[PDB]
């Protein structure tokens, strides 16, 4: 059911005018089309925006829109980039939203930045390996993103390569996308208790998700950091220990619990020899020390990863090396 007439002009709630182009990536990512500001030109394949459109009763698009309106306004993002002295911040820019009726059904739409490739495609094209340099540079920037969203009351719960996209015009800038299943863990500064939330039915991506999520509790900050830990190992080695049993969540949980209790055994399992990168172990030990409601020391985590860069004769020069 086509939601748009190709080339139509749509007006968001702030009265800004946009033009709709063709769907992205051969329709493999659902109802997301290229978009640009209204003009006499039609929308090309190098369009700088996309429009996401879903039925108005779609829960995830509403959640995602509230995240962007609350936490990702220009002033908030630019103020943070300035005050933290960052090169950039990988939270996608939200441009506008509205309601669109068609054929007697009601839809919601959101205009966002258009990106280049996801990291999963690049990872697979590299025979499922990223270099130590790449993984550390990706993870430093993801720590910047997580600190930002955490400080604005949200956790992501689903960090992975397919949710990490490159700036269309700059392959050294990575962005974390998909807030449809994001969770507001700290509304108005009050942390959610350590329990299930009936409103939330999402457990994340089984191979990467947190022990908290496996235990049926709502995601919190430590969980996001834990997810990133599992990603780092997957990216460095091509594997995780529990990957042959992902249809059995009890098995996945059991194995994560055991490897959290004995991080040296995780390093032995995942890396050759006594050839584990020490920063990965230290990262995981530091995350292990976090209580459910505890604020992470994000700078201490970044410093741990920076020691990895010094160990390989490099520095944080922002080069992803993809």
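Residue numbers count along the first chain shown, from 1. Between two forms, the rigid core is the largest collection of C-alphas that superpose within 1.5 Å.
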Worksheet entry | Stretch farther from the shown model on average in 7 other deposited structures of this protein, with CA RMS computed after core superposition (95-103, 72-80) | 72-80
Worksheet, complete the sentence: After superposing on the rigid core, the stretch whose C-alphas lie farther from this form in 7 other deposited structures of this protein, comparing 290-298 with 37-45, is 37-45
Discussion item. Over the set of other compared entries for this protein, does residue 25 lack coordinates in at least a third of them?
Written reply: yes
Worksheet item: Do the C-alpha atoms of 302-310 or of 6-14 have the higher average B factor in the entry?
Response: 302-310
Practice prompt. May I ask you to compare 274-282 and 253-261 by their mean CA B factor in the entry and name the higher one?
Written response: 274-282
Worksheet, complete the sentence: Looking only at 151, 207, 224, 197, the Cα with the top B-factor belongs to 197
Discussion item. By the CA temperature factor listed in this entry, which of these ranks top: 293, 39, 58, 69?
Written reply: 39
Item to complete: Would you check the entry's CA temperature factor for residue 29 and let me know if it's in the chain's lowest, middle or highest third?
Response: highest
Worksheet entry | Chain-relative CA temperature factor third for residue 84 | highest
Worksheet, complete the sentence: Tertile call for residue 215 (CA temperature factor, within chain, third-based) is the lowest
Practice prompt. Report the third (lowest, middle or highest) to which the CA temperature factor of residue 73 belongs, ranking only the modelled residues of the same chain.
Written response: highest
Discussion item. Considering every modelled residue of the chain and its Cα B-factor in the PDB entry, is residue 119 in the lowest, middle or highest third?
Written reply: middle
